[PDB]
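Protein chains in written order, with UniProt numbering: chain A, 107 to 259; chain B, 107 to 259; chain C, 107 to 259; chain D, 686 to 737.
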Amino acid sequence: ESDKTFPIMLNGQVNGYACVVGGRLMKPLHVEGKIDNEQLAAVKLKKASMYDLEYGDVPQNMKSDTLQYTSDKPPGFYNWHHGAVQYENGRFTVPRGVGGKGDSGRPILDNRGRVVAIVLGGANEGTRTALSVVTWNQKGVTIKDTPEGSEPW
Amino acid sequence: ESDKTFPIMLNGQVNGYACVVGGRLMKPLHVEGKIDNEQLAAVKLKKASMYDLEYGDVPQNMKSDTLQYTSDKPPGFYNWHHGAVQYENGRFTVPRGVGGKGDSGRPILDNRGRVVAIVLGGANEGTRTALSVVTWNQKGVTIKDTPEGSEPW
Amino acid sequence: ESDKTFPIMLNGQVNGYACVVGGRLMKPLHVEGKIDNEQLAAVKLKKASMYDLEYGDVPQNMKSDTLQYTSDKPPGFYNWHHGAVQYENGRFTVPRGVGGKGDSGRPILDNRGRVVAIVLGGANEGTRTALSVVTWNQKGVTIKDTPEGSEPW
Amino acid sequence: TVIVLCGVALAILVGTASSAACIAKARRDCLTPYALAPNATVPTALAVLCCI
Numbered sequence: 107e108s109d110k111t112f113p114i115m116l117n118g119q120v121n122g123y124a125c126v127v128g129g130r131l132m133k134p135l136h137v138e139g140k141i142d143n144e145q146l147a148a149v150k151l152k153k154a155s156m157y158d159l160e161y162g163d164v165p166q167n168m169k170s171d172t173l174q175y176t177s178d179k180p181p182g183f184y185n186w187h188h189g190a191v192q193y194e195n196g197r198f199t200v201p202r203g204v205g206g207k208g209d210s211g212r213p214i215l216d217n218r219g220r221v222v223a224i225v226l227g228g229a230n231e232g233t234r235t236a237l238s239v240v241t242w243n244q245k246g247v248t249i250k251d252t253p254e255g256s257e258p259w
Numbered sequence: 107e108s109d110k111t112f113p114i115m116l117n118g119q120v121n122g123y124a125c126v127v128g129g130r131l132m133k134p135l136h137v138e139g140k141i142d143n144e145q146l147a148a149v150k151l152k153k154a155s156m157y158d159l160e161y162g163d164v165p166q167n168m169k170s171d172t173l174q175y176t177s178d179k180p181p182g183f184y185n186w187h188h189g190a191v192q193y194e195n196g197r198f199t200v201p202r203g204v205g206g207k208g209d210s211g212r213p214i215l216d217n218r219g220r221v222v223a224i225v226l227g228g229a230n231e232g233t234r235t236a237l238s239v240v241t242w243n244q245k246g247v248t249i250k251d252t253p254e255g256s257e258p259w
Numbered sequence: 107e108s109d110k111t112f113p114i115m116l117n118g119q120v121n122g123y124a125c126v127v128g129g130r131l132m133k134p135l136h137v138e139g140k141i142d143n144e145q146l147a148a149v150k151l152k153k154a155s156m157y158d159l160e161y162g163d164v165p166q167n168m169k170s171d172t173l174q175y176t177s178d179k180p181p182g183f184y185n186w187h188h189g190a191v192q193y194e195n196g197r198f199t200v201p202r203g204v205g206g207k208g209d210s211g212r213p214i215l216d217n218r219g220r221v222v223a224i225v226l227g228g229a230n231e232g233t234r235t236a237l238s239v240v241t242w243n244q245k246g247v248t249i250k251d252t253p254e255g256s257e258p259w
Numbered sequence: 686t687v688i689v690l691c692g693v694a695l696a697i698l699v700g701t702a703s704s705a706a707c708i709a710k711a712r713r714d715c716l717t718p719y720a721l722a723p724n725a726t727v728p729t730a731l732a733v734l735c736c737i
């Protein structure tokens, strides 16, 4: 997470967390700023608005050191920089109050160091916080899952 | 001093210093150079040329923690980077050989960690060196004091 | 060697080395990239294309602390960043296997700390590898000695 | 005459431009989910249709 998750810098603050997976960089569209890495600043970002993202190709050097995709997501605990996230009933949730603005793009990590979802936002439902994220599918489809009341960090 | 005083760099050489006081960033006119900080680079600098200064509004994110100022000036020793300036007869002095080009804009701090004056240059009078600085006053006034044969650092 | 020899950047990768001797900075022409040192980026380089090199006047603050030159070249072993290089029969050679792409411009140093030659390429004979380099003469003539089959590194 | 010919020219131009934009947007919609996912086992009908 720390090694290969580059924040997005702008006006002296970090606004997001762009992530490289499968040899391609992704950066959420809702957040604006500049990437700290000089290599990533020279990449052409093709924009997918419906999923609130833009993606580009990483250079030759950095393809080998990238996080691993996934398709299988058994329910339970999953790793995260701020702690653990519960996945159940096809939905991601976290303890209330954890996270906030500037944490968009943070990948959810699996036990084997594999990315399961990318954090886009969080909706506070009183007891917990439901995470509006993008997940993979068995047939290689990036489903944008957003619970009602989602607000983009 | 070290935390909240930003050197000024030109062509890879440090040539000046800009200081934050009272939520505003001051820089001296005689020295020319960029500021590495993004925000201070983005600040609109209003220039008083006769005062040999430019002051700009500090952004919000760092206005809370800024150097405090004062107008009371009892004579005696006042701490600073390379020792103590002696204040007597309405004048600042420093032993011969200390200071030089590139030290302009260095704040003079009080015993209670408060800025009293900003150094613009020095003048060699043999026994000591007299500092041409920008002292303040109790009646809401700022007075530049310079000796005969001034050279701005 | 380590202190004075600067890597060159090509899309974020090392591809050669620029060497300073006697107050002049030399770089192989065939290697394309940007000098890491910010100051040296501003140094104008004039090119000897037939010798596959560019040389330029270096600044005032670093010409003295330079790899001192020499011209006496008795046969035997000489220092090298990767080990020892054998100079015999007027030819520089290394064990076959060490060295390759990205090592162009590597200085060859003397036991007393002086430079004897600068590497440009190498050709593998199977038994050893003969280095196509630039070697100087007693009359101050720099001959680019390239054994047959030389390929620049 | 010149008016009707220029009108016909504008009509064919805007029609071609709209068709191009629509096929490009359809390609975006039907390709971007698979470009963000691994092992895009794409039925090649869509690509072969909309690449040209």
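We put the beta carbon where it would ideally sit given N, CA and C, even for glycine.
Per-residue DSSP class, three states only, for residue i
{"i": "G246(A)", "result": "coil"}
{"i": "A154(B)", "result": "strand"}
{"i": "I214(B)", "result": "strand"}
{"i": "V137(B)", "result": "coil"}
{"i": "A148(C)", "result": "helix"}
{"i": "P258(C)", "result": "strand"}
{"i": "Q166(C)", "result": "coil"}
{"i": "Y719(D)", "result": "helix"}
{"i": "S703(D)", "result": "helix"}
{"i": "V687(D)", "result": "helix"}
{"i": "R220(A)", "result": "strand"}
{"i": "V200(C)", "result": "strand"}
{"i": "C736(D)", "result": "coil"}
{"i": "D714(D)", "result": "helix"}
{"i": "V727(D)", "result": "coil"}
C-beta atoms of residue i and residue j nearer than 8 Å
{"i": "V221(A)", "j": "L173(A)", "result": "yes"}
{"i": "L116(A)", "j": "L131(A)", "result": "no"}
{"i": "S238(C)", "j": "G246(C)", "result": "no"}
{"i": "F198(B)", "j": "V204(B)", "result": "no"}
{"i": "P201(A)", "j": "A229(A)", "result": "no"}
{"i": "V225(B)", "j": "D209(B)", "result": "yes"}
{"i": "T241(C)", "j": "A223(C)", "result": "yes"}
{"i": "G206(B)", "j": "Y193(B)", "result": "no"}
{"i": "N217(C)", "j": "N243(C)", "result": "no"}
{"i": "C735(D)", "j": "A711(D)", "result": "yes"}
{"i": "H136(A)", "j": "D158(A)", "result": "yes"}
Closer than 8 Å to chain D by CB, residue i
{"i": "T241(A)", "result": "no"}
{"i": "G227(A)", "result": "no"}
{"i": "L215(A)", "result": "no"}
{"i": "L151(A)", "result": "no"}
{"i": "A223(A)", "result": "no"}
{"i": "residue 87(A)", "result": "The structure shown does not extend to residue 87(A), since chain A is modelled only from 107 through 259, so no value can be given for it."}
{"i": "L159(A)", "result": "yes"}
{"i": "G128(A)", "result": "yes"}
Chain A contact for residue i (CB, 8 Å cutoff)
{"i": "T726(D)", "result": "yes"}
{"i": "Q244(B)", "result": "no"}
{"i": "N230(B)", "result": "no"}
{"i": "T717(D)", "result": "yes"}
{"i": "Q145(B)", "result": "yes"}
{"i": "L731(D)", "result": "no"}
{"i": "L695(D)", "result": "no"}
{"i": "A722(D)", "result": "yes"}
Reference residue i, options the options, closest by Cα
{"i": "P258(C)", "options": "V149(C), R212(C), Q192(C), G118(C)", "result": "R212(C)"}
{"i": "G129(C)", "options": "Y123(C), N167(C), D216(C), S108(C)", "result": "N167(C)"}
{"i": "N121(C)", "options": "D109(C), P134(C), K110(C)", "result": "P134(C)"}
{"i": "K179(B)", "options": "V164(B), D171(B), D209(B), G196(B)", "result": "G196(B)"}
{"i": "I249(B)", "options": "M156(B), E107(B), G182(B)", "result": "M156(B)"}
{"i": "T176(A)", "options": "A732(D), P723(D), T701(D)", "result": "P723(D)"}
{"i": "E144(C)", "options": "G232(C), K169(C), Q119(C), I114(C)", "result": "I114(C)"}
{"i": "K169(B)", "options": "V126(B), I214(B), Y161(B)", "result": "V126(B)"}
{"i": "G139(C)", "options": "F112(C), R218(C), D216(C)", "result": "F112(C)"}
{"i": "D142(C)", "options": "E160(C), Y123(C), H188(C)", "result": "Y123(C)"}
{"i": "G162(B)", "options": "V149(B), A154(B), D171(B)", "result": "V149(B)"}
{"i": "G232(C)", "options": "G255(C), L215(C), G219(C), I214(C)", "result": "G255(C)"}
{"i": "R713(D)", "options": "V693(D), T686(D), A732(D)", "result": "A732(D)"}
{"i": "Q119(B)", "options": "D171(C), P165(C), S108(C)", "result": "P165(C)"}
{"i": "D109(C)", "options": "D171(C), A154(C), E160(C)", "result": "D171(C)"}
C-beta neighbour in chain B for residue i, strict 8 Å
{"i": "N117(A)", "result": "yes"}
heavy atom of the ligand COA below 7 Å from residue i C-beta
{"i": "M168(A)", "result": "Of ligands this structure carries none, so the ligand COA is not represented either."}
Any chain G beta carbon closer than 8 Å to residue i
{"i": "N167(A)", "result": "Here the protein chains are A, B, C and D, and chain G is not one of them."}
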